[PDB]
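A.B. asks: First portion of the complex, with coordinates as positioned in the assembly:
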Amino acid sequence: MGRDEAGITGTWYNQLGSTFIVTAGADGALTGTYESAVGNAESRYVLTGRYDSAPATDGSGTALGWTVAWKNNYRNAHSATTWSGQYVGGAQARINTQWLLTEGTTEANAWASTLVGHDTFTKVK
Amino acid sequence: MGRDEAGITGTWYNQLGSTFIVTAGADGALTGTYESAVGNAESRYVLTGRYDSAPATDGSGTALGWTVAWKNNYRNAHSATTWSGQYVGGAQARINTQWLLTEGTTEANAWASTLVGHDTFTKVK
Amino acid sequence: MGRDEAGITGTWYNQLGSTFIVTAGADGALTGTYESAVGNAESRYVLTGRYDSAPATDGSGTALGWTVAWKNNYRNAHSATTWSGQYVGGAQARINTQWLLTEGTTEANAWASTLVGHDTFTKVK
């Protein structure tokens, strides 16, 4: 059982009103679904990622990351987002992330392929 | 069969001499192993990610991303990297990425939790 | 007179308790001083940057950016931070930024040269 397997598993919400549904495996796996409240997206998309299943015991957060490719049965935005961040446990548990959103482009437009931003996920809202 | 399933599957190398071994699934899954030539890393680490299995047919690249958590049987760097980028097929196939490397930190040090960089992967070297 | 010259000029504070003192010029210049509450920093450092002196009139924010090199009479952290973001005017005025912090490194360590993060500045606190 990963140190924060129970803390990470469940339904999370970010500041945009997106919904992150994840299961943390004992082995370090993250699996689930993502629903974006914004952008060229509708309904759920598959996500997969990894987390540190044996984090530091000095009060540090737990490093994790995941990917969504923005293709499902409804839409294809020809793009993928990766979130990189840390889980911080406790009464007001949080996942604090930064993300990179890449779209497929021509070589001439590849300089403009990637958005960067930050999302904070909580168990409420 | 994903449009670039065959193009993406295989062994890739970046400019640091790291080795990315990946299998692309028909469903959009990426699975495999990563070996970093640099940093607090030794041997292989599990990776998982996603790719656009039906990309644009206008000469755009194929969006993809993946995650490594830097824990294996040898070491634990209490960190995770996510790569976000695009696959560009052809004689000199490439995966062009940007990445985010987050370490677990205390809340006081969380401003300094995340490195950013860029890796280019080719099928040779 | 830049559209938001008066709105941007003044003393700003971020979520870390750092202090950003800036003058916006009619020509698009930003000049002032930065004092970091965290990291290898003490007292004030010179800053310079630019802003859009004729922003869109459709309720969009005002794009701006600035640089600090972390050398002053007290310390030299051999690093520079750049903030890129937008000014949003009104009762609860804000500057919403993302930043890149580069340290001088050897070529072997250059993959690890750059931190990324996000700061929100307000006129209170």
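C.D. replies: Sure thing, it's come through. Numbers count the residues shown, from 1 in each chain, chains lettered A, B, ... in the order given.

A.B. asks: Could you check which helix or strand contains the residue located most distally from the centre of chain A?
C.D. replies: Each residue of chain A has a distance to the centre, and by Cα atoms, centre = their mean the biggest one is for residue A:108: 29.4 Å. Using DSSP states H and E, residue A:108 sits within no helix or strand.

A.B. asks: how about residue A:80, secondary structure?
C.D. replies: With DSSP: H, G, I helix; E, B strand; the rest coil as the basis, residue A:80 sits in strand.

A.B. asks: For it, give the beta-bridge partners.
C.D. replies: For residue A:80, the beta-bridge partners are residue A:69, residue A:102 (DSSP bridges).

A.B. asks: what about it, how many neighbours?
C.D. replies: For residue A:80, the tally of surrounding residues (other Cβ atoms under 10 Å in any protein chain shown) stands at 31. For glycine as for every other residue, the C-beta is placed from the backbone atoms N, C-alpha and C.

A.B. asks: quick one: contacts for it?
C.D. replies: A:67-70, A:101-102, B:50-52, B:63-65, B:84 (Cβ atoms under 8 Å, 6 or more residues apart in numbering or on different chains).

A.B. asks: sorry, back to before: residue A:122 versus the residue farthest from the centre of chain A, what's the distance?
C.D. replies: 41 Å (Cβ to Cβ, to the nearest Å).

A.B. asks: Does residue A:7 lie in a helix or a strand, and which?
C.D. replies: Using DSSP H and E, residue A:7 sits within helix A:5-8.

A.B. asks: how about that helix, does it get close to chain B?
C.D. replies: No. Helix A:5-8 lies apart from chain B when judged by Cβ under 8 Å from any Cβ of the partner chain; the minimum separation is 12.0 Å.

A.B. asks: That helix: how far from the chain's middle?
C.D. replies: Distance of helix A:5-8 from the chain centroid (Cα atoms, centre = their mean, to the nearest Å) equals 14 Å.

A.B. asks: and for it, what are the contacting residues?
C.D. replies: Under the contact criterion Cβ under 8 Å, 6+ apart, helix A:5-8 has outside partners A:2, A:22, A:24-26, A:30, A:51, A:53, A:62, A:64, A:87, A:89, A:93, A:95.

A.B. asks: Show me which residues of chain A sit near chain C.
C.D. replies: Applying Cβ under 8 Å from any Cβ, we find that chain A lies next to chain C at A:98, A:116-118.

A.B. asks: got CSV for those residues, with distance to chain B and neighbour count too?
C.D. replies: CSV is the format used below for these (distance: Cβ to the nearest Cβ, whole Å; neighbours: other Cβ atoms under 10 Å in any protein chain shown):
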residue, distance to chain B, neighbour count
A:98, 5, 23
A:116, 8, 17
A:117, 11, 14
A:118, 9, 17
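
A.B. asks: Name the pair among those with the greatest separation in space.
C.D. replies: Farthest pair in these (Cβ to Cβ) is A:116 and A:118. Separation: 8.2 Å.

A.B. asks: Name the residues contacting each of those two.
C.D. replies: A:98-99, C:98.

A.B. asks: separation between the residue of chain A found nearest chain C and residue A:83?
C.D. replies: With Cβ to the nearest Cβ as the measure, residue A:118 is the residue of chain A nearest to chain C, at 4.7 Å. Per Cβ to Cβ, residue A:118 is found 9 Å from residue A:83.

A.B. asks: Find the residues that touch each one of these two.
C.D. replies: Common contact partners of residue A:118 and residue A:83 (Cβ under 8 Å, 6+ apart): A:97-99.

A.B. asks: Sequence for chain D below, add it please:
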Amino acid sequence: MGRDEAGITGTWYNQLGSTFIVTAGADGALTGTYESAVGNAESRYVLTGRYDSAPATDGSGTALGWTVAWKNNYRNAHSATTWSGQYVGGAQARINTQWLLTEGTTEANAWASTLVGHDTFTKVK
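C.D. replies: Once chain D is put in with the chains from before, the structure reads:
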């Protein structure tokens, strides 16, 4: 006289064919003009920034950064780019950077305000 004042001052070119014309001051200032070969840009734009005028003497690079707001007499792209990076001196001198490009947006679109990328500048091409 800054350690790399003479090395940094001059005309630089990146991989897109953009032109960076800069003067490094003894005090740590960068001033000059930028001409982008791509995007919503024409002719020269003002730039300002900072560099470490007393870098480490252990073979590390020299940290620097600069800003362009994409307004000139010809066009206004309501955006600003900041480059953060390091200068590496020698026969094949380089400035290795990462950048953040923010556009002014509405609050509803602010998640999508910022591009990230990387530019390498050389004294030839």
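
A.B. asks: tell me which parts of chain A are close to chain D?
C.D. replies: Counting by Cβ under 8 Å from any Cβ, the residues of chain A close to chain D are A:16, A:38-39, A:100, A:108, A:111-117.

A.B. asks: Include secondary structure when you put those into CSV, please.
C.D. replies: Below are the residues of chain A next to chain D laid out as CSV (three-state DSSP):
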residue, secondary structure
A:16, coil
A:38, coil
A:39, coil
A:100, strand
A:108, coil
A:111, helix
A:112, helix
A:113, coil
A:114, strand
A:115, strand
A:116, strand
A:117, strand
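
A.B. asks: Could I have the buried ones of the residues you listed as ChimeraX selection syntax?
C.D. replies: The following ChimeraX line selects those of the residues of chain A next to chain D that are buried, judged by 16 or more other Cβ atoms under 10 Å in any protein chain shown:
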select /A:39,100,111,113,114,115,116,117
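
A.B. asks: what residues are up against the nearest residue to the residue farthest from the centre of chain A once chain neighbours are set aside?
C.D. replies: Of all residues not flanking residue A:108 in the chain, residue D:38 sits nearest, at 7.8 Å (Cβ to Cβ, 6 or more residues apart in numbering or on different chains). Residues in contact with residue D:38 (Cβ under 8 Å, 6+ apart) are A:108, A:111-112, D:16, D:18.

A.B. asks: next one: residue A:43
C.D. replies: Counting by Cβ under 8 Å, 6+ apart, residue A:43 has contacts A:35, A:72-74.

A.B. asks: Repeat the analysis, applying 6 Å as the threshold.
C.D. replies: residue A:74 (Cβ atoms under 6 Å, 6 or more residues apart in numbering or on different chains).

A.B. asks: count of residues packed around residue A:90?
C.D. replies: 7.

A.B. asks: got it, and residue A:11?
C.D. replies: If you count neighbours by other Cβ under 10 Å, residue A:11 ends up with 12.

A.B. asks: Could you do residue A:6 as well?
C.D. replies: For residue A:6, the count of nearby residues is 11 (other Cβ under 10 Å).

A.B. asks: follow-up on the earlier one: can I get the contacts of residue D:38 in TSV including distance to residue A:78?
C.D. replies: Output for the contacts of residue D:38, formatted as TSV (distance: Cβ to Cβ, whole Å):
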residue	distance to residue A:78
A:108	16
A:111	17
A:112	14
D:16	23
D:18	27
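
A.B. asks: which one of the residues of chain A next to chain D is nearest chain D?
C.D. replies: Closest to chain D, out of all of the residues of chain A next to chain D and judged by Cβ to the nearest Cβ, is residue A:116, at 4.0 Å.

A.B. asks: hey, what's the residue nearest to that closest one when sequence neighbours are not counted bridged with?
C.D. replies: Excluding its sequence neighbours, the residue lying closest to residue A:116 (Cβ to Cβ, 6+ apart) is residue D:116, at 4.0 Å. Residues found in beta-bridge contact with residue D:116 (criterion: DSSP bridges) are residue D:100.

A.B. asks: cool, and residue A:48?
C.D. replies: Beta-bridge partners of residue A:48, as defined by DSSP bridges: residue A:31, residue A:67.

A.B. asks: how close does it sit to residue B:62?
C.D. replies: For residue A:48 relative to residue B:62 (Cβ to Cβ), the value is 17 Å.

A.B. asks: what's the answer for residue A:5, then?
C.D. replies: 33 Å.
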